[PDB]
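>
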Ligand SMILES: *[C@@H]1O[C@H](CO)[C@@H](O[C@@H]2O[C@H](CO)[C@@H](O[C@@H]3O[C@H](CO[C@H]4O[C@H](CO[C@H]5O[C@H](CO)[C@@H](O)[C@H](O)[C@@H]5O[C@H]5O[C@H](CO)[C@@H](O)[C@H](O)[C@@H]5O)[C@@H](O)[C@H](O[C@H]5O[C@H](CO)[C@@H](O)[C@H](O)[C@@H]5O)[C@@H]4O)[C@@H](O)[C@H](O[C@H]4O[C@H](CO)[C@@H](O)[C@H](O)[C@@H]4O[C@H]4O[C@H](CO)[C@@H](O)[C@H](O)[C@@H]4O[C@H]4O[C@H](CO)[C@@H](O)[C@H](O)[C@@H]4O)[C@@H]3O)[C@H](O)[C@H]2NC(C)=O)[C@H](O)[C@H]1NC(C)=O
Ligand SMILES: *[C@@H]1O[C@H](CO)[C@@H](O[C@@H]2O[C@H](CO)[C@@H](O[C@@H]3O[C@H](CO[C@H]4O[C@H](CO)[C@@H](O)[C@H](O)[C@@H]4O)[C@@H](O)[C@H](O[C@H]4O[C@H](CO)[C@@H](O)[C@H](O)[C@@H]4O[C@H]4O[C@H](CO)[C@@H](O)[C@H](O)[C@@H]4O[C@H]4O[C@H](CO)[C@@H](O)[C@H](O)[C@@H]4O)[C@@H]3O)[C@H](O)[C@H]2NC(C)=O)[C@H](O)[C@H]1NC(C)=O
Ligand SMILES: *[C@@H]1O[C@H](CO)[C@@H](O[C@@H]2O[C@H](CO)[C@@H](O[C@@H]3O[C@H](CO)[C@@H](O)[C@H](O[C@H]4O[C@H](CO)[C@@H](O)[C@H](O)[C@@H]4O[C@H]4O[C@H](CO)[C@@H](O)[C@H](O)[C@@H]4O)[C@@H]3O)[C@H](O)[C@H]2NC(C)=O)[C@H](O)[C@H]1NC(C)=O
Ligand SMILES: *[C@@H]1O[C@H](CO)[C@@H](O[C@@H]2O[C@H](CO)[C@@H](O[C@@H]3O[C@H](CO)[C@@H](O)[C@H](O[C@H]4O[C@H](CO)[C@@H](O)[C@H](O)[C@@H]4O[C@H]4O[C@H](CO)[C@@H](O)[C@H](O)[C@@H]4O)[C@@H]3O)[C@H](O)[C@H]2NC(C)=O)[C@H](O)[C@H]1NC(C)=O
Ligand SMILES: *[C@@H]1O[C@H](CO)[C@@H](O[C@@H]2O[C@H](CO)[C@@H](O[C@@H]3O[C@H](CO)[C@@H](O)[C@H](O[C@H]4O[C@H](CO)[C@@H](O)[C@H](O)[C@@H]4O)[C@@H]3O)[C@H](O)[C@H]2NC(C)=O)[C@H](O)[C@H]1NC(C)=O
Ligand SMILES: *[C@@H]1O[C@H](CO)[C@@H](O[C@@H]2O[C@H](CO)[C@@H](O[C@@H]3O[C@H](CO)[C@@H](O)[C@H](O[C@H]4O[C@H](CO)[C@@H](O)[C@H](O)[C@@H]4O)[C@@H]3O)[C@H](O)[C@H]2NC(C)=O)[C@H](O)[C@H]1NC(C)=O
Ligand SMILES: *[C@@H]1O[C@H](CO)[C@@H](O[C@@H]2O[C@H](CO)[C@@H](O)[C@H](O)[C@H]2NC(C)=O)[C@H](O)[C@H]1NC(C)=O
Ligand SMILES: *[C@@H]1O[C@H](CO)[C@@H](O[C@@H]2O[C@H](CO)[C@@H](O)[C@H](O)[C@H]2NC(C)=O)[C@H](O)[C@H]1NC(C)=O
Ligand SMILES: *[C@@H]1O[C@H](CO)[C@@H](O[C@@H]2O[C@H](CO)[C@@H](O)[C@H](O)[C@H]2NC(C)=O)[C@H](O)[C@H]1NC(C)=O
Ligand SMILES: *[C@@H]1O[C@H](CO)[C@@H](O[C@@H]2O[C@H](CO)[C@@H](O)[C@H](O)[C@H]2NC(C)=O)[C@H](O)[C@H]1NC(C)=O
Ligand SMILES: *[C@@H]1O[C@H](CO)[C@@H](O)[C@H](O)[C@H]1NC(C)=O
Ligand SMILES: *[C@@H]1O[C@H](CO)[C@@H](O)[C@H](O)[C@H]1NC(C)=O
Ligand SMILES: *[C@@H]1O[C@H](CO)[C@@H](O)[C@H](O)[C@H]1NC(C)=O
Ligand SMILES: *[C@@H]1O[C@H](CO)[C@@H](O)[C@H](O)[C@H]1NC(C)=O
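Chains as they are written, first to last, in PDB author numbering: chain G, 184, 189 to 223; chain G', 128 to 140, 153 to 184, 189 to 309, 312 to 321, 321A, 322 to 397, 410 to 465; chain L, 5 to 8, 11 to 66, 66A to 66C, 67 to 95, 95A to 95C, 96 to 106, 106A, 107 to 209; chain H, 2 to 82, 82A to 82C, 83 to 100, 100A to 100P, 101 to 126, 133 to 213. A prime marks a further copy of an entry chain.
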């Protein structure tokens, strides 16, 4: 503003990522339906 | 709790200037800010509170969205169909001789309105009276005009808005102090055209009550504030118009435009919704909307003595 | 209360209103000259009474965000005066106050020289056991003057009472100084003098017992 | 229309001041009328007014000490101020007042206001609030470019004002009555001079008419060299 604040608190709200989920990208196949 | 005073130089007229604390974006830190409320939104215990806070929770309408009704077509899926009656003199149920079919209706504007119907479709030929049990008073009466009357509705007050941040990301838009004169919202209706329209309606009305019977018009006298008034939306603001000027007549055997008073509320529960209410955000600048009155909704006072009044 | 304004002669003066109206307004402009009756110059924001010269004008209330102003074109020495702006608007209420006065001074106003007339005590006043020397100073501009009395060659410090200069009906200033003596003091000195210094220049008049 | 004030000119502290205003050349019955004062080192203060219906309204800052009336039978406006103090010393002006309407919107929504303006005024009357009695002025002649100077000393009078005239009309100019001096005694003294032809001297005549209405006193002085 020693006093501080989080960067985000004036721009937007915040939520904590769940610990369990992983951000390790895995191959994904995009499929089109039948007839396409 | 709101600490409020009346405006202070009110010669002949209600809206109140309030001050209050507010949570800022940091949880721990607070701010003292002030806002202007139309006195319908607040009640006392000078200390005040919002009307809604004991009945229900509240949420603020996003500023971006517009409440300006656009035509919507209702469509039926394939294998089904919509039948459309094109009978001009169609009295509200019955066999329709001239019928056409469509997969989708025409553009129907979802105009949220009370008492008088706005920006709608006009009946051709004679004005049309539609009910469900004409001898019954409990069931309302639908009127469709053949000629639309023109109604000009304005909020003259120069409303200024400020933006106070009350939490992370959250931002409340509050009504700043008015700049310039304090004038009340109103609606004008040409007295000539409204007298013609009122004449033509009673002509078609007497078709159901024998022929020189006394047909008078009185004000609404039942129910809550939100129902007794011509409630609608205009530019963003919600108008509650008192319609005493029009329905003060009796029928037997210059411009002079009528003027109608309108109050403004920013906290609203329409369609009898008790639960999550909405705060209509203040609208910057002067408001003026020109609208059509295409229909009406009437009600009897009771079993009448029949050919008496 | 006084708000000073100075304007060069023959140019256009613009006097702002002391108050800015909360709501749509009716403003009146009064001209007040010291010792005379106030004059209505403008009423209803822009309207001029018969006889008021079209030199004065006010700002019309068209609802534009514009302050009440008084315009005087071709400002003359005769426009030196106080100007009050009586402000009526819709959110103030009944306005009892006239507001403060804008004191208008006209300027590059030539530097006229003072005229000085010194009168000895009357024969009657001396028989009445009193004596007063009367120094009259008129027709000067600007209004600042210094008056000193002398007895012979030395300065009298007291017995002297002097009026503050004020503008007369020819737009120039006038003041008077009175030195009261006893008759024996009057006959005591060879001569008394009234010395007036205006704008650095000093002139003097003299009288003697006879 | 013409307005001329009349007054006491001296009022003891804690007494009731009274001033009157005669109107000529227009009917009293059809107009509003008002009082305004000027106190020394202050501005013009609006006291209050009277309507055509003879209803009165007053500035709160007078604290109900003021009463304004009308007497149509004498065409005269009047004012009394009770319980005066030295701050009530002032020149007191009577004026006409016109009502105007400033309308910004709808009449029925009350979207209009009234304002008043004073279009015709009196000269004023000086009224002083002081303990002492009226004191008459001893007047003394002041003896005489081709011109000489001539004058009258008006010494030690109370209170203001003094009128000075010369021969009535004939000596109109060039005659100058100076502002008075307020003595440390609290007495007032002024002087009035006129510029005359040296040749006129000894053949002509000049006297000054000195009026002290508060005294009241009256005198004339023949000035001679
Ligand atoms: C729904 O319907 C509602 C009603 O059905 C409707 O409500 C209406 O709203 C409007 C505004 O939207 C309102 O309009 C206002 O009307 C005011 C009054 O207008 C009338 O009176 C004036 C003045 O007349 C008096 O003075 C003259 C002097 O010459 C005399 O000759 C007259 O006899 C008269 O004196 C009598 O009345 C006095 C009291 O007022 C008494 O004390 C006195 O004893 C006498 O009895 C007339 O001039 C007007 O005529 C003019 O306008 C009409 C149209 O209305 C024209 O046809 C006509 O040709 C003329 O042009 C009229 O009869 C207006 O004063 C007001 O306008 C002023 O205010 C606004 C803002 O507040 C300003 O922006 C504007 O500039 C105007 O200010 C001028 O005047 C003031 C005050 O005098 C000045 O101080 C100011 O500086 C300014 O002067 C400038 O402009 C002048 C021209 O205007 C010019 O001359 C000057 O030189 C200078 O430049 C405003 O228009 C209306 O009243 C409402 N209706 C009702 C019933 O209340 C609503 O809007 C509808 N809703 C919709 C459509 O959505
Ligand atoms: C019956 O039918 C009739 C006929 O349709 C209806 O009458 C119409 O009613 C309309 C809505 O009620 C009304 O529309 C409004 O008109 C305003 C004025 O129009 C003028 O400008 C346009 C160009 O934009 C011209 O073409 C036109 O000729 C006029 O000159 C508009 O300004 C209105 O738009 C604003 O309001 C709507 C909400 O209604 C917003 O969605 C829109 O974004 C605008 O809001 C922005 O601008 C205002 C200006 O003051 C700001 O205050 C506000 O915060 C917004 O600003 C933000 O957004 C902008 C843009 O992203 C951004 O730049 C800025 O920084 C801010 O972030 C609106 O369009 C019609 O005029 C009216 N018809 C006629 C002929 O008068 C009648 O309502 C119907 N009856 C009923 C009961 O509904
Ligand atoms: C919520 O809070 C966060 C953090 O608290 C905000 O993020 C910060 O936002 C501020 C301003 O919004 C920003 O500060 C500017 O950064 C710029 C880029 O680094 C700088 O260029 C800029 O400097 C100019 O402005 C200064 C005054 O603030 C001047 O002192 C300086 O001289 C600069 O001015 C020059 O340049 C301009 C433009 O060319 C010119 O007009 C001038 O004449 C002059 O020549 C500021 O320092 C921070 O960088 C942001 N912080 C971070 C960590 O990114 C966030 O914006 C807030 N949220 C909202 C919605 O506002
Ligand atoms: C949340 O708060 C809001 C606002 O704070 C509440 O809205 C208000 O609700 C109250 C009561 O619920 C209501 O007050 C009544 O309004 C009625 C209609 O206007 C009045 O008729 C009624 O008066 C009767 O009761 C008074 C005592 O309260 C008596 O003094 C008075 O004489 C009346 O009594 C007569 O009539 C009855 C019935 O016929 C009879 O039995 C008696 O013998 C006597 O003859 C109250 O004043 C307010 O009008 C509401 N406010 C607004 C602005 O609408 C809301 O209800 C609260 N929420 C919940 C869930 O309760
Ligand atoms: C509706 O109520 C709100 C309350 O939040 C109100 O906002 C406040 O109004 C008061 C009015 O007194 C403002 O206070 C004034 O502020 C100015 C500028 O700082 C001062 O100069 C003022 O002082 C003068 O007046 C005093 C009166 O007693 C004198 O004693 C003093 O000597 C000065 O002459 C005065 O303190 C205050 O600033 C606002 N608050 C904010 C945050 O703006 C609002 O004005 C009310 N609505 C209306 C139409 O009045
Ligand atoms: C409701 O009230 C608000 C007051 O909060 C009012 O907003 C003001 O409106 C005027 C326009 O009428 C704005 O004035 C302009 O502002 C812009 C941006 O600052 C300037 O560029 C403009 O300058 C022009 O005009 C000048 C006139 O002297 C010229 O000299 C110049 O060269 C430009 O041509 C002009 O000053 C004003 O800024 C706003 N104020 C705010 C705080 O927004 C609004 O008008 C009212 N609503 C309605 C519908 O009237
Ligand atoms: C509209 O008018 C028609 C008349 O053509 C009404 O139809 C009759 O209604 C009565 C009762 O009111 C029935 O007993 C008849 O059988 C109906 N006649 C026919 C020919 O169908 C119709 O009820 C009216 N609608 C309303 C809402 O009043
Ligand atoms: C309100 O009513 C007016 C007529 O009073 C409508 O204006 C007409 O609109 C139709 C389109 O439906 C045009 O064909 C006409 O030419 C218009 N009339 C005139 C005189 O030009 C107006 O559309 C109606 N507003 C609505 C329904 O919002
Ligand atoms: C509603 O507003 C419209 C337009 O602002 C008004 O139409 C005006 O009517 C007058 C005659 O009464 C005409 O002189 C104008 O030319 C019309 N304006 C336009 C733009 O065409 C209408 O009269 C208003 N309705 C009421 C009840 O006052
Ligand atoms: C709408 O306006 C009418 C004015 O016509 C109001 O009616 C008055 O109501 C009071 C009681 O509240 C009665 O004593 C009066 O006799 C009524 N006036 C007239 C002229 O009959 C009415 O209250 C207003 N409605 C609302 C909801 O404010
Ligand atoms: C804001 O909170 C403080 C308590 O710290 C309170 O004294 C004050 O009255 C509040 N503000 C208003 C407008 O009531
Ligand atoms: C509807 O009207 C009929 C006609 O006589 C009447 O018998 C019936 O009771 C009414 N229904 C209701 C619900 O009032
Ligand atoms: C009522 O008036 C209409 C229109 O003139 C007429 O057709 C009808 O016969 C009248 N009804 C009676 C019962 O007289
Ligand atoms: C409206 O009703 C009131 C109350 O009886 C009446 O005084 C007034 O004349 C009515 N207005 C009209 C236009 O009939």
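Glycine included, each C-beta is placed from N, C-alpha and C at the ideal position.
Going along the chain, which residues put their C-beta within less than 5 Å of some heavy atom in ligand 8?
Selection output, chain order preserved: G':262, G':291 and G':448.
> How would you list, in chain order, the residues of chain G' whose beta-carbon sits under 7 Å from the beta-carbon of residue 30 of chain L?
Near residue 30 of chain L (Cβ distances below 7 Å), the residues of chain G' are 325.
> What is the C-beta distance between residue 376 of chain G' and residue 198 of chain G', in whole angstroms, given that I count them as a contact (C-beta under 8 Å)?
About 22 Å separates the two Cβ atoms, so there is no contact after all.
> Between L:183, L:47 and L:119, which has its C-alpha nearest residue 128 of chain L's C-alpha?
Considering only alpha carbons, the answer is L:183.
> Touching or not, the segment 76 to 93 of chain L and the segment 24 to 44 of chain L, by the rule of three or more beta carbon pairs under 8 Å?
Yes, they touch.
> What is the residue span of the beta strand (DSSP E) that residue 45 of chain H lies within?
Counting along the chain, the beta strand (DSSP E) containing residue 45 of chain H begins and ends at 45 to 51.
> What do you reckon, is the C-beta of residue 100A of chain H under 6 Å from a heavy atom of ligand 7?
Not so, every heavy atom of ligand 7 lies at least 6 Å from the Cβ.
> Run the Cβ filter for me: residues under 5 Å from any heavy atom of ligand 6, listed in the order they occur in the chain.
Going by the Cβ distance cut-off, the answer is G':301, G':303, G':323, G':441 and G':442.
> Using a Cβ-Cβ cutoff of 8 Å, what residues of the segment 198 to 213 of chain G' are near chain G? List them in chain order.
Hits within the stretch: zero.
> Going by DSSP, what residues sit across from residue 21 of chain L in a beta bridge?
Paired residue(s): L:73.
> Determine whether the Cβ of residue 136 of chain H lies closer than 7 Å to any Cβ atom of chain L.
No, residue 136 of chain H does not count as interfacial toward chain L.
> Note down the Cα distance separating residue 61 of chain H from residue 30 of chain H, rounded to an integer number of angstroms.
Between residue 61 of chain H and residue 30 of chain H, the C-alpha separation is close to 26 Å.
> Kindly examine ligand 3 and report whether one of its heavy atoms sits closer than 6 Å to the Cβ of residue 195 of chain G.
No; taking the cut-off as 6 Å, the Cβ of residue 195 of chain G has no heavy atom of ligand 3 nearer than that.
> Assuming the contact rule is C-beta atoms closer than 8 Å, residue 11 of chain H and residue 202 of chain H should be a hit. Round their C-beta distance to whole Å, please.
At roughly 6 Å, the Cβ-Cβ gap stays under 8 Å, so residue 11 of chain H and residue 202 of chain H are in contact.
> Go through the residues and name those whose CB comes closer than 7 Å to any heavy atom of ligand 12, in chain order.
Going by the Cβ distance cut-off, the answer is G':276, G':278, G':279 and G':281.
> At the 7 Å Cβ level, is residue 100H of chain H part of the contact set with chain G', yes or no?
Cβ-Cβ to chain G' under 7 Å: yes for residue 100H of chain H.
> For residue 293 of chain G' and residue 100K of chain H, I'd like the C-alpha separation in whole angstroms.
If I take the Cα positions, the gap works out to 31 Å.
> Would you please state the rounded distance, in angstroms, between the beta carbons of residue 164 of chain H and residue 181 of chain H? I believe it to be under 8 Å.
So it is a contact: roughly 6 Å between Cβ atoms.
> Going along chain H, which residues have a C-beta under 9 Å from residue 131 of chain L?
Chain H residues near residue 131 of chain L: 122, 141, 143 and 177.
> Does the count of Cβ pairs from the segment 342 to 360 of chain G' and the segment 236 to 255 of chain G' closer than 8 Å reach three?
Verdict: no, contact absent.
> Could you give the C-beta distance for residue 95 of chain L and residue 291 of chain G', rounded to a whole number, given that I count them as a contact under 8 Å?
Between residue 291 of chain G' and residue 95 of chain L the Cβ distance is about 43 Å, and since that is not below 8 Å, they are no contact.
> In terms of DSSP beta bridges, what is residue 64 of chain L paired with?
The partner list for residue 64 of chain L (beta bridge, DSSP) reads L:73.
> Less than 7 Å between CB atoms is the rule here; does residue 314 of chain G' satisfy it with respect to chain G?
With 7 Å as the cut-off, residue 314 of chain G' counts as an interface residue toward chain G.
> Return helix, strand or coil for residue 370 of chain G', following the three-state DSSP convention.
Helix at residue 370 of chain G'.
> Please go through the same chain and pick out, in chain order, the residues whose beta-carbon is closer than 7 Å to the beta-carbon of residue 186 of chain H, but skip the five residues on each side of it.
134, 135 and 136, listed in sequence order.
> Can you tell me the Cα-Cα spacing of residue 18 of chain L and residue 93 of chain L, whole angstroms?
C-alpha separation (whole angstroms): 31 Å.
> Starting from the beta carbon of residue 100K of chain H, find every residue of chain G' whose beta carbon is closer than 9 Å, and list them in chain order.
The answer, in chain order, is 138.
> Tell me whether residue 332 of chain G' counts as near ligand 14, meaning its Cβ is closer than 6 Å to at least one heavy atom of that ligand.
No - ligand 14 has no heavy atom lying nearer than 6 Å to the Cβ of residue 332 of chain G'.
> Give me the residue from G':352, G':301 and G':450 with the minimum Cα distance to residue 325 of chain G'.
The candidate whose alpha carbon is nearest that of residue 325 of chain G' is G':301.
> By the three-class DSSP mapping on this structure, what secondary structure does residue 205 of chain G have?
In the structure shown, residue 205 of chain G sits in coil (DSSP, three-state: anything other than H, G, I, E or B).
> Evaluate residue 103 of chain H with the Cβ neighbour count: other Cβ atoms within 10 Å of its Cβ, from every protein chain shown; 16 or more gives buried, anything less gives exposed.
With 16 or more Cβ atoms within 10 Å of its Cβ, residue 103 of chain H is classed as buried.
> If I follow the unbroken beta strand (DSSP E) through residue 345 of chain G', where does it start and stop?
Where residue 345 of chain G' is concerned, there is no enclosing beta strand (DSSP E), although the alpha helix (DSSP H) it sits in stretches over 335 to 349.
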